[PDB]
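Enquirer: Questions regarding the structure given below will be posed in turn.
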Amino acid sequence: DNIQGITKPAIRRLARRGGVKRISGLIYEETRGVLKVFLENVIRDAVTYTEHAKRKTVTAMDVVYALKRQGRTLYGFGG
Amino acid sequence: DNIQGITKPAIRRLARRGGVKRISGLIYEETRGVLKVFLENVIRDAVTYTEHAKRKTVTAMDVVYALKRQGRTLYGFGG
Amino acid sequence: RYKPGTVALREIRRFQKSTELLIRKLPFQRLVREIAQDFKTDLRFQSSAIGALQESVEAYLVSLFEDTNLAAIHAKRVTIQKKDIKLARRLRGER
Amino acid sequence: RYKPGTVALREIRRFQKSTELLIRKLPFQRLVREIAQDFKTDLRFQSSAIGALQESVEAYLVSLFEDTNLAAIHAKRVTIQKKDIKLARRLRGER
Amino acid sequence: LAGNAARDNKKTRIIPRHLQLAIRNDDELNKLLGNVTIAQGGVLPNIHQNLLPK
Amino acid sequence: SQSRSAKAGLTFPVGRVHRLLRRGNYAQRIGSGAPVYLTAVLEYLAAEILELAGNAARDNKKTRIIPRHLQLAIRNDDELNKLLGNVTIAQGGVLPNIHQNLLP
Amino acid sequence: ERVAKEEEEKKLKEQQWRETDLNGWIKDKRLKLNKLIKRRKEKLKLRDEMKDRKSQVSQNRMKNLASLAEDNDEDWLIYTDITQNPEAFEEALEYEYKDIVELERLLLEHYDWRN
Amino acid sequence: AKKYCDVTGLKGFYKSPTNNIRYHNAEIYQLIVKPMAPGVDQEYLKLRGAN
Amino acid sequence: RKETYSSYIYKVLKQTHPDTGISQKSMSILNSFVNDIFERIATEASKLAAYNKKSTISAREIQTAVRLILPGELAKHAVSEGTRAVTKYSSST
DNA sequence: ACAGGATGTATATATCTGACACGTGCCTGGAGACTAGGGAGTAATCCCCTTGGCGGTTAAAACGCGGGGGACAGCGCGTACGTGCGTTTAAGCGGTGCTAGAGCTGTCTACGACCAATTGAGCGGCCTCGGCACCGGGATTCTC
DNA sequence: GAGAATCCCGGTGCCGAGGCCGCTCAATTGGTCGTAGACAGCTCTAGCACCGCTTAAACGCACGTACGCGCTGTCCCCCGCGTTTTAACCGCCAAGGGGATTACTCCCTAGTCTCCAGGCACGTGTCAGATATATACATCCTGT
């Protein structure tokens with residue numbers, strides 16, 4: 001039950017940070033699919049990075065290069 | 001007549017190459033505007049590139065590396 | 001009492017007005033492990049890596065909600081639909 | 001007599017497989033000359049750079065145009081407008 | 001891919017249009033080279049169905 | 001004797017960025033004006049960001065610098081947003097924006 | 001047709017007033033043109049003052065924006081009125097220029113290089 | 001030595017703090033010194049050898 | 001000896017806002033921002049050095065790269081301040 | 001509708017912990033003096049390519065005008081989702097033990113820069129020719 | 001069933017595509033050696049598991065209305081085509097601007113040794129906030 005382990009009122013909270021008034025009932029599972037393919041495309045690069053690092057622990061450096069390379073660089077956690 | 005070098009059959013052809021069927025009768029000016037801003041970005045970068053090279057003509061090599069800076073890289077005219 | 005639409009503006013102001021995380025941590029950690037063990041089994045993860053994944057999907061989702069709401073106003077509507085999401089994903093560039 | 005729309009898709013097909021240059025050399029060459037006037041004076045060019053400019057511009061206009069066509073049909077319409085163009089510019093992210 | 005895009009287009013010479021369809025028809029090379037643009041090859045033909053009348 | 005940062009009137013280090021340029025394999029030869037030019041550019045950029053961040057922190061009537069103030073300073077400014085239109089922020093939030101027709 | 005008839009009646013009354021008292025109508029039209037020019041100058045001054053990031057108007061805009069980002073229908077209208085109007089200001093300036101042109105036409109009906 | 005305005009050649013009262021160009025009065029500054037392209041002040045300063 | 005820019009931006013914050021403090025997450029924001037700007041400008045200067053058959057990076061390449069990276073008002077102010085700093089450093093006599 | 005007993009407020013104190021600050025010891029990279037090789041500055045000079053401009057053509061752009069398929073405002077069924085309330089679940093904490101492996105250090109050594117000799121791979125240039133560009137007659141297949 | 005309008009097929013002119021040759025400067029072969037990397041060894045930060053507990057939130061469900069979506073009339077604004085105007089294309093000779101290349105002096109920066117202090121790891125204090133006590137009045141909510 002882990003694909004919809006993140007829940008629908010949390011999706012509403014993220015949507016109402018995003019400024020949309022009314023949301024459908026059929027947008028939850030497609031946002032879950034978008035989220036799933038987004039983390040797939042991120043931790044594929046992150047697990048290649050930690051595979052080449054001769055490490056079993058995924059650190060903050062591998063994930064931060066993984067979103068740096070896709071044009072979505074993130075500040076603060078790169079220290 | 002300065003900007004009027006490009007004309008109605010030209011952008012009709014370009015919109016037809018966009019696969020559109022019905023155009024509006026005064027979509028003219030904003031297309032002229034985005035035309036203007038795309039060229040002035042590209043040849044501003046080309047002018048800086050040829051200024052640093054002490055080359056007071058603009059070459060093809062400069063503008064294809066200006067596009068490759070801009071993320072719209074061209075193939076065939078050097079690189 | 002309130003008319004339907006004023007308290008929605010109040011909570012949308014409250015959600016835009018704050019900076020807290022909106023995704024539960026343990027289902028996300030479980031999701032990260034279950035989506036990572038197919039690539040490589042018995043992996044270990046860093047807590048700040050999970051926080052980085054948290055803030056990345058939060059920024060991606062809220063930006064996605066901006067341009068899908070822009071698709072909603074573009075079609076003279078208020079509620080978003082699935083074709084608004086597909087239009088935003090296509091016009092963003094990815095498939 | 002004739003009906004509009006079918007000859008429109010007819011020379012859609014006629015210009016679809018042929019991949020020729022569209023906009024003439026001379027007026028766009030003059031426009032490139034006057035748009036480079038204000039940055040540096042007495043600038044010359046060469047014929048390959050002008051062709052590179054033509055290719056980049058036609059690529060940009062096509063890549064904007066079927067995207068704004070998709071934005072037009074998503075609002076259940078065929079004719080394109082101002083706000084379709086602004087929505088395409090906002091969703092592609094030049095703003 | 002340039003060769004098999006050249007055989008079906010009745011030409012024994014490879015033209016940039018043919019390899020344009022070769023890189024627009026295979027998905028792996030399509031998003032391998034999605035940000036690039038090529039020389040006088042145009043666009044692969046497609047027609048969306050509500051533009052098709054009747 | 002004395003450092004090159006006070007010789008050029010700067011607070012950012014010069015030998016540090018000279019070192020970081022040296023074995024960063026950008027090129028095998030590096031001139032002398034390169035670290036002082038980079039140092040002055042970094043000076044101006046950090047000073048501008050700190051000016052706007054301090055104005056936002058004072059605007060919150062709160063005596064520290066919190067990344068919400070950094071987000072406010074980044075997105076309120078025009079060309080700082082243009083320079084930083086790609087980077088995602090840590091613990092920053094989203095600027096308040098409601099589209100006009102949603103107001104009744 | 002009622003609005004067109006009212007506009008024609010207003011035009012006939014304006015023509016009768018211009019034929020009856022051209023001096024007073026010309027003075028009133030000149031005063032209206034001067035008021036329109038003063039409003040256009042104030043709008044251009046506001047547009048120039050908004051362009052300065054170090055101006056006090058930009059600081060007040062940042063104070064109102066953070067006031068909507070740190071801590072009702074009227075506050076909702078204030079948030080609607082604090083939006084960026086780059087093209088709306090240009091359209092309002094074009095409308096004011098058209099109004100000034102109409103005022104000059106009404107004055108007619110009834111920047112020095114040496115410095 | 002006498003100080004002269006770099007643009008007009010008249011008497012130079014003020015000097016700009018960004019590009020070290022001496023100008024005559026306000027309208028010269030607002031129309032020339034502020035919006036000038038970057039790379040034009042150098043051959044303005046080259047005539048008196050100040051680049 | 002883990003190396004970071006904390007002290008320097010502490011003082012240049014202190015010459016304009018004396019009664020203000022920095023959070024550690026914010027501290028990391030300015031550190032990562034400085035490193036990102038350094039990386040972008042330096043790789044553009046190296047690319048422009050490799051442009052012209054030139055094996056040396058000097059101040060002119062970095063001035064051109066600053067004019068390429070930054071938007072216009074930031075660019076003109078950055079080259080003004082950098083030119084003033086270079087002329088201060090060169091005339092050390 | 002009023003009285004009576006609950007909290008609420010105020011305006012001082014008091015004690016006490018929490019999340020920031022500041023101050024100090026001590027190492028390794030910055031500064032200075034120095035040589036010397038070499039990349040860069042600079043003048044000359046060959047000659048490639050770009051710029052101007054006859055003028056003649058002619059396909060392409062401009063104007064205009066009938067008209068019809070589409071934008072767009074208005075309308076209305078209904079259904080899908082807002083709004084609010086009761087029940088349920090495992091989200092968050094925090095406590096801590098176990099230990100995996102991230103990180104650091106010393107030692108060995110095998111890989112790769114570096115200099116030199118040298119030869120043919122591979123680039124500039126020249127030349128024959130055939131596939132596609134062009135071109136025209138006619139089959140043929142959408143369209144109204 | 002007319003009417004263009006693409007597709008097909010045969011013929012022809014043509015120009016870059018491929019093949020060949022001179023020869024240079026770069027690939028390869030070969031030995032030296034400082035040293036980065038492998039690699040074993042070792043300290044201990046931190047990641048994993050998990051027992052149980054408050055409860056916010058997730059889940060579920062009922063009610064209903066703004067709103068998605070189909071229908072529709074109407075203004076009108078682009079579409080299609082004919083004519084006319086205009087400048088794009090093309091041949092093309094020509095002046096010379098301005099890189100390409102070459103020659104060569106020289107300032108400029110890598111390299112090395114000595115070195116010391118600026119800057120980081122890790123200590124010690126300071127108000128901000130929380131929490132109380134106490135004596136009244138004040139006020140509020142409820143029952144009588």
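Order determines the names: the first chain of the structure tokens is A, the second B, and so forth; residues in each chain are numbered 1 upward, and ligands are numbered 1 upward as they are shown.
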After a least-squares superposition on chain C using every in-order C-alpha pair, I'd like chain D written out as a short mmCIF file (atom, residue, chain, number, x, y, z; two decimals) with N, CA and C atoms, in the first residue's frame.

Expert:
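part08.cif, freshly written:
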data_model
loop_
_atom_site.label_atom_id
_atom_site.label_comp_id
_atom_site.auth_asym_id
_atom_site.auth_seq_id
_atom_site.Cartn_x
_atom_site.Cartn_y
_atom_site.Cartn_z
N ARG D 1 -25.37 29.78 8.14
CA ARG D 1 -24.39 28.76 7.78
C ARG D 1 -23.23 29.40 7.01
N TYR D 2 -22.48 28.59 6.27
CA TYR D 2 -21.25 29.04 5.63
C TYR D 2 -21.41 29.02 4.11
N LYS D 3 -20.41 29.56 3.42
CA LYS D 3 -20.35 29.50 1.97
C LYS D 3 -18.99 28.95 1.54
N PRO D 4 -18.96 28.03 0.58
CA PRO D 4 -17.67 27.50 0.13
C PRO D 4 -16.91 28.50 -0.73
N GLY D 5 -15.59 28.39 -0.70
CA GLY D 5 -14.74 29.22 -1.51
C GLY D 5 -14.01 30.30 -0.74
N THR D 6 -14.69 30.92 0.23
CA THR D 6 -14.06 31.99 1.00
C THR D 6 -13.13 31.42 2.07
N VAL D 7 -13.51 30.29 2.67
CA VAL D 7 -12.59 29.62 3.58
C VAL D 7 -11.47 28.94 2.79
N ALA D 8 -11.71 28.62 1.51
CA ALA D 8 -10.65 28.12 0.64
C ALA D 8 -9.57 29.16 0.41
N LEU D 9 -9.95 30.40 0.10
CA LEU D 9 -8.94 31.45 -0.02
C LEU D 9 -8.39 31.84 1.35
N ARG D 10 -9.17 31.61 2.42
CA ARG D 10 -8.68 31.88 3.77
C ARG D 10 -7.50 30.99 4.13
N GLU D 11 -7.61 29.67 3.92
CA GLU D 11 -6.40 28.92 4.28
C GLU D 11 -5.42 28.82 3.11
N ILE D 12 -5.77 29.32 1.92
CA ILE D 12 -4.74 29.72 0.96
C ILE D 12 -3.83 30.76 1.58
N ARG D 13 -4.41 31.82 2.16
CA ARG D 13 -3.59 32.83 2.84
C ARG D 13 -2.90 32.27 4.07
N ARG D 14 -3.54 31.32 4.76
CA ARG D 14 -2.93 30.77 5.97
C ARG D 14 -1.71 29.91 5.64
N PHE D 15 -1.76 29.16 4.55
CA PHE D 15 -0.59 28.38 4.14
C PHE D 15 0.35 29.16 3.22
N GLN D 16 -0.01 30.39 2.83
CA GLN D 16 0.84 31.12 1.89
C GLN D 16 2.09 31.69 2.56
N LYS D 17 1.94 32.38 3.69
CA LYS D 17 3.12 32.99 4.29
C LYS D 17 3.94 31.99 5.09
N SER D 18 3.30 30.97 5.66
CA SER D 18 4.04 29.93 6.35
C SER D 18 4.65 28.98 5.32
N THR D 19 5.90 28.60 5.57
CA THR D 19 6.73 27.87 4.63
C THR D 19 7.21 26.57 5.25
N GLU D 20 6.29 25.82 5.83
CA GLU D 20 6.65 24.60 6.53
C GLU D 20 6.72 23.43 5.56
N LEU D 21 7.26 22.32 6.07
CA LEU D 21 7.15 21.04 5.40
C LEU D 21 5.69 20.59 5.37
N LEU D 22 5.31 19.92 4.28
CA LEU D 22 3.91 19.56 4.05
C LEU D 22 3.63 18.08 4.27
N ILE D 23 4.34 17.20 3.58
CA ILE D 23 4.07 15.76 3.64
C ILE D 23 5.04 15.12 4.63
N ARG D 24 4.48 14.26 5.49
CA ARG D 24 5.17 13.67 6.64
C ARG D 24 6.41 12.87 6.24
N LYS D 25 7.31 12.70 7.21
CA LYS D 25 8.61 12.08 6.95
C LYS D 25 8.46 10.59 6.67
N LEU D 26 7.70 9.90 7.52
CA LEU D 26 7.69 8.43 7.51
C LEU D 26 7.10 7.80 6.25
N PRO D 27 5.91 8.17 5.74
CA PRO D 27 5.39 7.43 4.57
C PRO D 27 6.18 7.69 3.30
N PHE D 28 6.65 8.92 3.10
CA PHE D 28 7.48 9.18 1.93
C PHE D 28 8.85 8.54 2.08
N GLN D 29 9.34 8.41 3.32
CA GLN D 29 10.59 7.69 3.56
C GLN D 29 10.45 6.21 3.20
N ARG D 30 9.33 5.60 3.58
CA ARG D 30 9.07 4.21 3.19
C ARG D 30 8.93 4.07 1.68
N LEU D 31 8.26 5.04 1.04
CA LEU D 31 8.10 5.01 -0.41
C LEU D 31 9.44 5.13 -1.13
N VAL D 32 10.33 5.98 -0.62
CA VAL D 32 11.68 6.10 -1.16
C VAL D 32 12.45 4.80 -0.96
N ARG D 33 12.24 4.14 0.18
CA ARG D 33 12.87 2.84 0.42
C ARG D 33 12.38 1.77 -0.55
N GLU D 34 11.08 1.72 -0.83
CA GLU D 34 10.61 0.68 -1.75
C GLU D 34 10.87 1.02 -3.21
N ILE D 35 11.06 2.30 -3.55
CA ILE D 35 11.34 2.62 -4.95
C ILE D 35 12.82 2.42 -5.27
N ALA D 36 13.67 2.34 -4.26
CA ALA D 36 15.08 2.03 -4.45
C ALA D 36 15.38 0.55 -4.28
N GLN D 37 14.35 -0.27 -4.04
CA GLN D 37 14.57 -1.69 -3.78
C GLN D 37 14.96 -2.43 -5.06
N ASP D 38 14.30 -2.13 -6.17
CA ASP D 38 14.46 -2.90 -7.39
C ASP D 38 15.79 -2.65 -8.10
N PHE D 39 16.46 -1.54 -7.84
CA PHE D 39 17.74 -1.28 -8.49
C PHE D 39 18.89 -1.96 -7.77
N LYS D 40 19.05 -1.70 -6.48
CA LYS D 40 20.03 -2.40 -5.66
C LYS D 40 19.37 -2.85 -4.38
N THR D 41 19.80 -4.00 -3.87
CA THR D 41 19.25 -4.55 -2.65
C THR D 41 20.08 -4.13 -1.44
N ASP D 42 19.41 -4.10 -0.28
CA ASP D 42 20.01 -3.79 1.02
C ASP D 42 20.69 -2.42 1.03
N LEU D 43 20.00 -1.43 0.48
CA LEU D 43 20.51 -0.07 0.41
C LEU D 43 20.05 0.70 1.64
N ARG D 44 20.98 1.41 2.27
CA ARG D 44 20.61 2.33 3.33
C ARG D 44 20.62 3.76 2.78
N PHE D 45 20.29 4.71 3.65
CA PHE D 45 20.22 6.10 3.27
C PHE D 45 20.79 6.94 4.39
N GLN D 46 20.53 8.24 4.33
CA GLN D 46 20.71 9.13 5.46
C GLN D 46 19.62 10.20 5.45
N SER D 47 19.49 10.88 6.59
CA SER D 47 18.38 11.80 6.83
C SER D 47 18.44 13.05 5.96
N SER D 48 19.62 13.46 5.51
CA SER D 48 19.72 14.64 4.66
C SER D 48 19.27 14.36 3.23
N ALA D 49 19.56 13.16 2.71
CA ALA D 49 19.13 12.80 1.37
C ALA D 49 17.61 12.71 1.26
N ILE D 50 16.96 12.23 2.32
CA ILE D 50 15.50 12.14 2.33
C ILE D 50 14.88 13.53 2.32
N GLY D 51 15.46 14.45 3.09
CA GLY D 51 14.98 15.83 3.08
C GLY D 51 15.21 16.52 1.75
N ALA D 52 16.34 16.23 1.10
CA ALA D 52 16.59 16.73 -0.25
C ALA D 52 15.55 16.21 -1.23
N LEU D 53 15.19 14.93 -1.08
CA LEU D 53 14.16 14.33 -1.91
C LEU D 53 12.81 15.01 -1.69
N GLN D 54 12.45 15.27 -0.43
CA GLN D 54 11.19 15.94 -0.11
C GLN D 54 11.14 17.35 -0.70
N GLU D 55 12.24 18.10 -0.58
CA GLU D 55 12.28 19.45 -1.12
C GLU D 55 12.16 19.46 -2.64
N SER D 56 12.85 18.54 -3.32
CA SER D 56 12.77 18.49 -4.78
C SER D 56 11.37 18.11 -5.25
N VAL D 57 10.73 17.17 -4.55
CA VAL D 57 9.39 16.75 -4.95
C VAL D 57 8.37 17.85 -4.72
N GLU D 58 8.44 18.56 -3.58
CA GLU D 58 7.44 19.60 -3.35
C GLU D 58 7.64 20.77 -4.31
N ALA D 59 8.91 21.04 -4.66
CA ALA D 59 9.20 22.05 -5.67
C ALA D 59 8.62 21.67 -7.03
N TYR D 60 8.78 20.40 -7.44
CA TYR D 60 8.23 19.94 -8.72
C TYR D 60 6.71 20.05 -8.73
N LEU D 61 6.06 19.62 -7.64
CA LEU D 61 4.59 19.63 -7.61
C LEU D 61 4.03 21.05 -7.59
N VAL D 62 4.66 21.97 -6.86
CA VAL D 62 4.19 23.36 -6.88
C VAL D 62 4.40 23.97 -8.27
N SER D 63 5.59 23.75 -8.86
CA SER D 63 5.90 24.32 -10.16
C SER D 63 5.03 23.74 -11.27
N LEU D 64 4.50 22.53 -11.08
CA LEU D 64 3.50 22.02 -12.00
C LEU D 64 2.12 22.56 -11.68
N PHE D 65 1.84 22.80 -10.40
CA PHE D 65 0.47 23.09 -10.00
C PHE D 65 0.02 24.50 -10.32
N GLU D 66 0.87 25.53 -10.16
CA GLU D 66 0.29 26.83 -10.56
C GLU D 66 0.28 26.94 -12.08
N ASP D 67 1.15 26.19 -12.76
CA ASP D 67 1.14 26.17 -14.21
C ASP D 67 -0.13 25.51 -14.74
N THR D 68 -0.55 24.40 -14.12
CA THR D 68 -1.82 23.80 -14.52
C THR D 68 -3.02 24.60 -14.03
N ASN D 69 -2.86 25.41 -12.98
CA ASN D 69 -3.90 26.37 -12.62
C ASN D 69 -4.08 27.43 -13.70
N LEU D 70 -2.96 27.93 -14.24
CA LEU D 70 -3.01 28.89 -15.35
C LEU D 70 -3.62 28.26 -16.60
N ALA D 71 -3.27 27.00 -16.87
CA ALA D 71 -3.91 26.27 -17.96
C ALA D 71 -5.41 26.09 -17.72
N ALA D 72 -5.83 25.97 -16.46
CA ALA D 72 -7.26 25.83 -16.16
C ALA D 72 -8.01 27.14 -16.39
N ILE D 73 -7.44 28.27 -15.97
CA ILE D 73 -8.19 29.53 -16.08
C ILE D 73 -8.16 30.03 -17.53
N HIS D 74 -7.15 29.64 -18.33
CA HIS D 74 -7.11 30.06 -19.73
C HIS D 74 -8.25 29.44 -20.55
N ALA D 75 -8.72 28.26 -20.17
CA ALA D 75 -9.92 27.68 -20.77
C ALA D 75 -11.20 28.10 -20.05
N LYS D 76 -11.16 29.23 -19.32
CA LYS D 76 -12.30 29.83 -18.61
C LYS D 76 -12.92 28.86 -17.60
N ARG D 77 -12.06 28.28 -16.77
CA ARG D 77 -12.49 27.27 -15.82
C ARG D 77 -11.73 27.45 -14.52
N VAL D 78 -12.27 26.88 -13.44
CA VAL D 78 -11.62 26.90 -12.14
C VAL D 78 -11.15 25.51 -11.72
N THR D 79 -11.97 24.49 -11.97
CA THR D 79 -11.63 23.13 -11.57
C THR D 79 -10.66 22.50 -12.58
N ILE D 80 -9.62 21.84 -12.07
CA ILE D 80 -8.59 21.22 -12.90
C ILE D 80 -8.99 19.79 -13.29
N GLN D 81 -8.50 19.33 -14.44
CA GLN D 81 -8.88 18.03 -14.99
C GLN D 81 -7.63 17.28 -15.45
N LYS D 82 -7.83 16.13 -16.11
CA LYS D 82 -6.76 15.31 -16.69
C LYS D 82 -6.00 16.04 -17.78
N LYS D 83 -6.76 16.62 -18.71
CA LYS D 83 -6.22 17.22 -19.91
C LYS D 83 -5.49 18.52 -19.62
N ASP D 84 -5.84 19.20 -18.53
CA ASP D 84 -5.03 20.33 -18.07
C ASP D 84 -3.64 19.86 -17.65
N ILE D 85 -3.58 18.71 -16.97
CA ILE D 85 -2.30 18.14 -16.55
C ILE D 85 -1.49 17.69 -17.75
N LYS D 86 -2.13 17.01 -18.71
CA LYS D 86 -1.42 16.58 -19.92
C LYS D 86 -0.95 17.76 -20.75
N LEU D 87 -1.75 18.83 -20.81
CA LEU D 87 -1.33 20.03 -21.52
C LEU D 87 -0.16 20.71 -20.82
N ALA D 88 -0.15 20.72 -19.49
CA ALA D 88 0.99 21.29 -18.76
C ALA D 88 2.25 20.47 -18.98
N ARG D 89 2.11 19.14 -19.01
CA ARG D 89 3.26 18.27 -19.27
C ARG D 89 3.76 18.42 -20.70
N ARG D 90 2.85 18.64 -21.65
CA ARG D 90 3.26 18.79 -23.04
C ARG D 90 3.91 20.15 -23.28
N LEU D 91 3.38 21.20 -22.67
CA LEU D 91 3.93 22.54 -22.85
C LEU D 91 5.23 22.74 -22.08
N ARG D 92 5.38 22.09 -20.93
CA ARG D 92 6.65 22.16 -20.23
C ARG D 92 7.71 21.27 -20.88
N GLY D 93 7.29 20.26 -21.64
CA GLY D 93 8.20 19.49 -22.46
C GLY D 93 8.89 18.33 -21.79
N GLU D 94 8.14 17.49 -21.08
CA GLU D 94 8.66 16.21 -20.61
C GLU D 94 8.21 15.08 -21.52
N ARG D 95 7.80 15.41 -22.74
CA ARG D 95 7.34 14.41 -23.68
C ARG D 95 8.07 14.54 -25.02
#

Enquirer: Could you pull the residues within 12 Å of residue 128 in chain J, counting only C-alpha atoms (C1' of nucleotides), minus those fewer than 4 positions along the same chain, as an mmCIF file with N, CA, C and O atoms (P, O5', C5', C4', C3', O3' and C1' of nucleotides), in the first residue's frame?

Expert:
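Written out: selection.cif:
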data_model
loop_
_atom_site.group_PDB
_atom_site.id
_atom_site.type_symbol
_atom_site.label_atom_id
_atom_site.label_comp_id
_atom_site.auth_asym_id
_atom_site.auth_seq_id
_atom_site.Cartn_x
_atom_site.Cartn_y
_atom_site.Cartn_z
ATOM 1 P P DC K 15 25.774 22.785 -62.214
ATOM 2 O "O5'" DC K 15 26.232 22.556 -60.702
ATOM 3 C "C5'" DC K 15 25.460 21.719 -59.850
ATOM 4 C "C4'" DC K 15 26.327 20.648 -59.208
ATOM 5 C "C3'" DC K 15 27.700 21.127 -58.720
ATOM 6 O "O3'" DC K 15 27.949 20.618 -57.417
ATOM 7 C "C1'" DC K 15 27.947 19.232 -60.075
ATOM 8 P P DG K 16 28.018 21.616 -56.159
ATOM 9 O "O5'" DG K 16 28.385 20.663 -54.929
ATOM 10 C "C5'" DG K 16 27.385 19.832 -54.345
ATOM 11 C "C4'" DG K 16 27.711 18.356 -54.529
ATOM 12 C "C3'" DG K 16 28.795 17.790 -53.605
ATOM 13 O "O3'" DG K 16 28.516 16.434 -53.363
ATOM 14 C "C1'" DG K 16 29.429 17.435 -55.790
ATOM 15 P P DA K 17 27.975 15.918 -51.944
ATOM 16 O "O5'" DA K 17 27.960 14.335 -52.151
ATOM 17 C "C5'" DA K 17 27.946 13.818 -53.483
ATOM 18 C "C4'" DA K 17 28.547 12.428 -53.543
ATOM 19 C "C3'" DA K 17 29.396 12.048 -52.342
ATOM 20 O "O3'" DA K 17 29.294 10.636 -52.089
ATOM 21 C "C1'" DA K 17 30.775 12.237 -54.273
ATOM 22 P P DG K 18 30.274 9.894 -51.045
ATOM 23 O "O5'" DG K 18 31.414 9.307 -51.985
ATOM 24 C "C5'" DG K 18 31.049 8.385 -53.001
ATOM 25 C "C4'" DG K 18 32.236 8.018 -53.863
ATOM 26 C "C3'" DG K 18 33.408 7.389 -53.110
ATOM 27 O "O3'" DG K 18 33.907 6.284 -53.845
ATOM 28 C "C1'" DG K 18 34.142 9.282 -54.319
ATOM 29 P P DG K 19 34.856 5.193 -53.144
ATOM 30 O "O5'" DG K 19 36.221 5.312 -53.964
ATOM 31 C "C5'" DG K 19 36.204 5.179 -55.381
ATOM 32 C "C4'" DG K 19 37.428 5.827 -56.004
ATOM 33 C "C3'" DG K 19 38.766 5.410 -55.383
ATOM 34 O "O3'" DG K 19 39.616 4.855 -56.380
ATOM 35 C "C1'" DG K 19 38.629 7.773 -55.633
ATOM 36 P P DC K 20 41.051 4.247 -55.983
ATOM 37 O "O5'" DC K 20 42.063 5.456 -56.247
ATOM 38 C "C5'" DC K 20 42.167 6.017 -57.551
ATOM 39 C "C4'" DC K 20 43.198 7.131 -57.586
ATOM 40 C "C3'" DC K 20 44.541 6.796 -56.928
ATOM 41 O "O3'" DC K 20 45.607 7.099 -57.819
ATOM 42 C "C1'" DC K 20 43.692 8.847 -56.089
#

Enquirer: Please identify all polymer residues within 10 Å of range 4-13 of chain E, counting only C-alpha atoms (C1' of nucleotides), omitting same-chain residues fewer than 2 positions from it, and present them as a PyMOL selection string.

Expert: (chain E and resi 1-2+15-23+25) or (chain J and resi 131-132) or (chain K and resi 17)

Enquirer: Take the residues from that selection and put them in a file with C-alpha atoms (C1' of nucleotides), as a CSV table (one decimal), in the first residue's frame.

Expert:
chain,number,residue,atom,x,y,z
E,1,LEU,CA,19.3,4.3,-38.8
E,2,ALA,CA,20.4,6.7,-41.6
E,15,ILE,CA,20.0,13.3,-47.1
E,16,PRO,CA,19.7,15.2,-43.8
E,17,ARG,CA,15.9,15.0,-44.1
E,18,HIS,CA,16.1,11.1,-44.0
E,19,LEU,CA,18.2,11.1,-40.8
E,20,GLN,CA,16.0,13.8,-39.4
E,21,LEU,CA,13.1,11.2,-39.6
E,22,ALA,CA,15.5,8.6,-38.3
E,23,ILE,CA,16.2,10.6,-35.1
E,25,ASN,CA,11.2,8.1,-35.2
J,131,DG,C1',22.6,10.1,-58.7
J,132,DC,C1',19.8,13.2,-57.9
K,17,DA,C1',30.8,12.2,-54.3

Enquirer: Would you kindly report the residues of chain E within 8 Å of chain D, using only C-alpha atoms, as a PyMOL selection string?

Expert: chain E and resi 17+37+39-45

Enquirer: Include N, CA and C atoms and write out the residues we just selected as a short mmCIF file (atom, residue, chain, number, x, y, z; two decimals), in the first residue's frame.

Expert:
data_model
loop_
_atom_site.label_atom_id
_atom_site.label_comp_id
_atom_site.auth_asym_id
_atom_site.auth_seq_id
_atom_site.Cartn_x
_atom_site.Cartn_y
_atom_site.Cartn_z
N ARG E 17 17.32 15.22 -44.35
CA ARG E 17 15.91 14.97 -44.07
C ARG E 17 15.68 13.53 -43.62
N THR E 37 18.89 21.03 -32.74
CA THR E 37 18.14 21.26 -33.97
C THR E 37 19.09 21.07 -35.15
N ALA E 39 19.88 20.53 -39.68
CA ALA E 39 19.96 21.38 -40.86
C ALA E 39 19.01 20.94 -41.97
N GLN E 40 18.14 21.88 -42.40
CA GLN E 40 17.14 21.77 -43.50
C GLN E 40 16.47 20.39 -43.60
N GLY E 41 16.09 19.87 -42.44
CA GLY E 41 15.42 18.58 -42.39
C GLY E 41 13.94 18.69 -42.09
N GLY E 42 13.50 19.86 -41.63
CA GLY E 42 12.09 20.10 -41.41
C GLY E 42 11.54 19.38 -40.19
N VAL E 43 10.28 18.97 -40.27
CA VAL E 43 9.58 18.33 -39.17
C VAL E 43 8.89 17.09 -39.72
N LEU E 44 8.89 16.01 -38.95
CA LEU E 44 8.18 14.81 -39.35
C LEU E 44 6.67 15.09 -39.40
N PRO E 45 5.95 14.53 -40.37
CA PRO E 45 4.54 14.89 -40.54
C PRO E 45 3.65 14.18 -39.52
#
